[PDB]
């Protein structure tokens, strides 16, 4: 038959906003244990459908994805990339698909293809060596360092080369104001931002929204700066990065602006996400050092100690694909996808969802469903390993964090390689640790990309 999505009772004026609280991915998980995979809330006057459960989500984003491929018109998204973002604008028709395919292409052309030896491979090692040299310096003087300030540059340098052909040192000024001065949570985009549903909070004293409205103007400046320095030195046959790749196309509807700001779409996604991933990894390595050995033990068995890991080795290091798989899962640092929206009156598991309905996708619920994982709160990479030491290719596919369907991540490949290549080169020549007896807050901080309370105590050691 056909029924309306269930849900709990919400306040008439504000809705369930007082129930979501500060960690919606948790609040909405406990709901899904009561109302299931399809449930309905209201934030202010706007109703929202929260999709949970692995198979329920697969049914909507992939099989019926053409019905769920849209984005709601939220206030915060109008501020990103001049309200014309490929990823966040309400545009989802042909105009958008054209921009995605140009994005996937510019990546495959300056990320995967060979360098006249892989593009991504050459860069990651480039900044990995630098990163190591740079961390040694802090062990010399201060003795202790915060791993984030330096990982973010080293990560940013990579995505920044694939896009603008430039690299910046770890103590630059313009870049730390760009990708690090923010040193905040990233929450005004995290699904459930009250300003998107309570119109008044946009005009009231809101510094988080002022630090955010400003950080975007700064980002959109760095784009124009590079687009011009690239058009000042542009050769119609010699393409040097995704930036050049886009310019070349503006010559061949699609405003010149909706094509160029795409390189910003890759750049803002790149540095933010992969950085967090590597940061969390260090936090785990430092917290549970058995995994620090069992991941080194593999690294000294497959390849040696007089060999820098190449990108061809990710296949034959299963314990590391496990650690990656677990760090993605246990943290689930992308707990919600970017909110979706129904493109037409559709149905899911017997429920009616009308056209235009804001929908949340609770990736955090899948990665911590006790129905699937035995002990979801424990960090145990060993849960992905078959009795013969290999990766269980059906459970690794149940770790959801890049999305599904027509809107999934276009840099999943590049994120998985980059996160494995960065980790390999370090730990082979490095023993991260933290002195016993200090506070390390492993608690996550809600946001689009969840972060952690920065830690200034890490100590890198050179191996035997």
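Residue numbers count along the first chain shown, from 1. Under this definition, the rigid core comprises the largest set of C-alpha atoms superposing within 1.5 Å between the forms.
Between 177 to 185 and 298 to 306, the larger mean CA deviation from the shown form in 5 other deposited structures of this protein, after core superposition, belongs to 177 to 185.
According to the entry, the stretch of the deposited sequence that connects residue 252 to residue 253 contains 4 to 9 residues lacking coordinates, which leaves a gap of moderate length in the model.
Unmodelled stretch separating residue 116 from residue 117: 4 to 9 residues (count of deposited-sequence residues without coordinates). In this entry, the higher average B-factor at the C-alpha atoms falls on 428 to 436, of the pair 51 to 59 and 428 to 436. Averaged over Cα atoms, the B-factor as recorded in the entry is higher for 239 to 247 than for the other of 239 to 247 and 284 to 292. The PDB entry assigns the greatest CA B-factor among 360, 351, 197, 185 to 185.
The residue among 323, 222, 333, 75 whose C-alpha atom has the highest B-factor in the PDB entry is 222. Among the modelled residues of its chain, residue 272 has a C-alpha B-factor that falls in the middle third, as given in the PDB entry. Sorting the modelled residues of the chain by their CA temperature factor places residue 111 in the highest third. Among all modelled residues in this chain, the alpha-carbon of residue 20 has a temperature factor (C-alpha) in the lowest third. In the PDB entry, residue 464 places in the highest third of its chain by CA B-factor. Per-chain ranking of the deposited C-alpha B factor places residue 13 in the lowest third.
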